[PDB]
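First, one chain by itself in structure tokens, the form deposited in one PDB entry.
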């Protein structure tokens, strides 16, 4: 019959959105979060990735705005910036500088603690949501393996008292992120292993927070620098994003085989060694506020519970626990929002009575969630699969059934069109913002746009406007 109590494990972006949506369809929702959740925008140990630059692409932003009206204005009122693409970015691709065409998509940029707080404030206020902070999910309860498995609840431990308690539930949602213990919980119930795809280019991140030149966060673009991506060499990248409070977040990254800064005096020289040194020129006199923070969470990985015949009833997996991506493409929060939107749109259809058990509904929900995360998976995996020394363990025929040399040729063509042809840039910006599938770049429509559109002359300098150079006090020469 119909769920009366849902338990959500984890209260970051995926779990907070999921709890909001589930409270609309289920009598009572409990949220279990290991951290204390701050009432001010502060970093916390359970989301260490929030130290690094975050873009909320228009796909995720619109889905959050639909679920939680007013959120976008609250973010802008608190200093977030709406960055139009490509218009508001100075971007060097492996094919040249991006012409700054009038924006066709956007992303919201704020410090990740402000985004998270603003969302929580909107989403966890409902009267039928109970948030248990400083509480750790320990294992799942129920039975697994052949025929009739079901999850009936969760063992939780209060971290202040050390006391463990059994939390019964009709539906359990794992939103505990890339560090989820899900595989261990499933093995303990007797559930067989999940199918999983990996495309792991060994990407790593190094980030410093800076005080920006006054006014740069409002009147100076974001800047994104990529390698010429010589076929046999690791990629190296850098981005500088404005966030609230007149600060710049600078995130440097590379793929397997290149070295990232780990000491502060190594940071600007890495940016100096990118294909164009502009990031170093911008940061050279900016005031650093933090040491270098690192991340090694850069692999693309995807679990396929929707394929497991022995998936247990009453269990859903969402967010980074289900699938996680190379952060350079910026889709994890959008993918989290898609998971919650999909639950919202499919919950009633899936749980309609008639089958006599929760199996049909659980499996139908997890199958719809699986379809919803396909776009960020195939985008990021396609972009990473041909890096030198990339580790590929995937069954996806879109990836493993195609000629590598053909894919490389396709990719250069798409990039070359996007930077200098406005009609191509619209379609590519749609895909890069997670609003059209990667498959659209192989369509008749896109190929025709690539062929028929004008192509502007190559840019020979970063396309800053004069008013922008004035802000940071640089000279075109």
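Numbering follows the first chain given and starts at 1.
FYI, the form deposited with a small molecule bound isn't displayed, but the following is about it.
Pick from 91, 141, 122, 342: which residue has any heavy atom within 4.5 angstroms of the small molecule in the bound PDB entry?
So the residue touching the small molecule in the bound PDB entry, by this definition, is 91.
Please pick, from 230, 284, 163, 349, the one residue with any non-hydrogen atom lying within 4.5 angstroms of the small molecule in the bound PDB entry.
Only one option qualifies, and that one is 230.
At 4.5 Å between heavy atoms, only one of the stretches 448-456, 427-435, 22-30, 65-73 reaches the small molecule in the bound PDB entry; which one is it?
Among the candidates, contact is made by 427-435.
Is it the case that residue 58, even though its partner is missing from this view, gets within 4.5 Å of the small molecule in the bound PDB entry, heavy atoms only?
No, residue 58 sits far enough from the small molecule in the bound PDB entry that none of its heavy atoms falls within 4.5 Å.
Taking the shortest heavy atom distance, is residue 421 within 4.5 Å of the small molecule in the bound PDB entry?
No.
Should residue 311 be counted as a contact of the small molecule in the bound PDB entry, where contact means heavy atoms within 4.5 Å?
Contact with the small molecule, no.
Is the gap between residue 439 and the small molecule in the bound PDB entry 4.5 Å or less for some heavy atom pair?
No - in the bound PDB entry, heavy atoms of residue 439 and the small molecule never come within 4.5 Å of each other.
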